[PDB]
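Below is one structure, written out as C-alpha cells, with a few remarks after it.
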Amino acid sequence: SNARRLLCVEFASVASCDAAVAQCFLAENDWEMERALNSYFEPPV
Amino acid sequence: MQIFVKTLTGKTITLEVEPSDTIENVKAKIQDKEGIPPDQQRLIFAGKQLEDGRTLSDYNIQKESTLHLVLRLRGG
Ligand SMILES: [K+]
Ligand SMILES: [Mg+2]
Ligand SMILES: [Mg+2]
C-alpha cells in the first residue's frame, strides 16, 4: 500500500538500511514502525 | 553549534550543543525541550544507536547534523 511504502521509507531513513530489510522488520512487527525500530536497534541477545 | 533531532511523532527538535557534549547531555537537552525521559530515548545517527559515555565528537557529529529519536515502548 501507499501507506506501507511510506513506512518503509521512514524506517530505512532512521536505520540507514536497505528497503528490503526495512520492509521485513516492519512486516515481522505487524507493520508497527516504532516497535520495529526498537527491534532493529536491540535484537535478541 | 546546532543539531536537529527528528522524532517519529512529528517534531524536529533544535538543540544547541558542543562537540564535547555527551550523549547523556544531549538526552537531557531533549528532556528539557520535550519532556521525554532520557531512559526512553534511543538517539540514532547515520543508522547507529549512540551510546552513553560517548560524545558527539566521538561519532563525528558536526554542525547541522540530523539525529533521529526512537522511543522505547511499554505494554506490547
Ligand atoms: K544501520
Ligand atoms: Mg553555542
Ligand atoms: Mg532539565
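The way this entry was determined, per its header, is X-ray crystallography, 0.9 Å.
Positions of Cβ are set from backbone N, Cα and C atoms, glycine also.
Database features (Swiss-Prot):
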DOMAIN    B:1-76  domain 'Ubiquitin-like'
CROSSLNK  B:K6  ubiquitin cross-link
CROSSLNK  B:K11  ubiquitin cross-link
CROSSLNK  B:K27  ubiquitin cross-link
CROSSLNK  B:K29  ubiquitin cross-link
CROSSLNK  B:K33  ubiquitin cross-link
CROSSLNK  B:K48  ubiquitin cross-link
CROSSLNK  B:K63  ubiquitin cross-link
SITE      B:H68  site 'Essential for function'
MOD_RES   B:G76  ADP-ribosylglycine
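Swiss-Prot feature annotations superimposed on the structure.
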residue	record	DSSP (3 states)
B:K6	ubiquitin cross-link	strand
B:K11	ubiquitin cross-link	coil
B:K27	ubiquitin cross-link	helix
B:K33	ubiquitin cross-link	helix
B:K48	ubiquitin cross-link	strand
B:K63	ubiquitin cross-link	coil
B:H68	site 'Essential for function'	strand
B:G76	ADP-ribosylglycine	coil
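Most buried of the recorded sites B:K27, B:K29, B:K33, B:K48, B:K63, judged by other Cβ atoms within 10 Å, is B:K27. With an 8 Å limit on C-beta distances, the recorded positions from B:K27, B:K29, B:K63, B:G76 that reach chain A are B:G76.
Taking a C-beta cut-off of under 8 Å and a sequence gap of six or more, B:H68 (site 'Essential for function') has these contacts in its own chain: B:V5, B:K6, B:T7, B:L8, B:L43, B:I44, B:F45. Cβ-based crowding with a 10 Å cutoff singles out B:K6 as the top-ranked of the recorded sites B:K6, B:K11.
Comparing Cα positions, B:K27 (ubiquitin cross-link) lies closest to B:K33 out of the recorded positions B:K11, B:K33, B:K48, B:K63, B:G76.
Of all the recorded positions listed here (B:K11, B:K48, B:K63, B:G76), B:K11 has the Cα closest to the Cα of B:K33 (ubiquitin cross-link).
B:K48 (ubiquitin cross-link) sits 18 Å from B:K63 (ubiquitin cross-link), taking the C-alpha atoms as the reference points. Looking at B:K11 (ubiquitin cross-link) and B:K29 (ubiquitin cross-link), their Cα atoms lie 15 Å from each other.
Put simply, B:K63 (ubiquitin cross-link) is 37 Å from the residue listed as 'ADP-ribosylglycine' when counted between their Cα atoms. When the alpha carbons of B:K29 (ubiquitin cross-link) and B:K63 (ubiquitin cross-link) are compared, the span between them is 16 angstrom.
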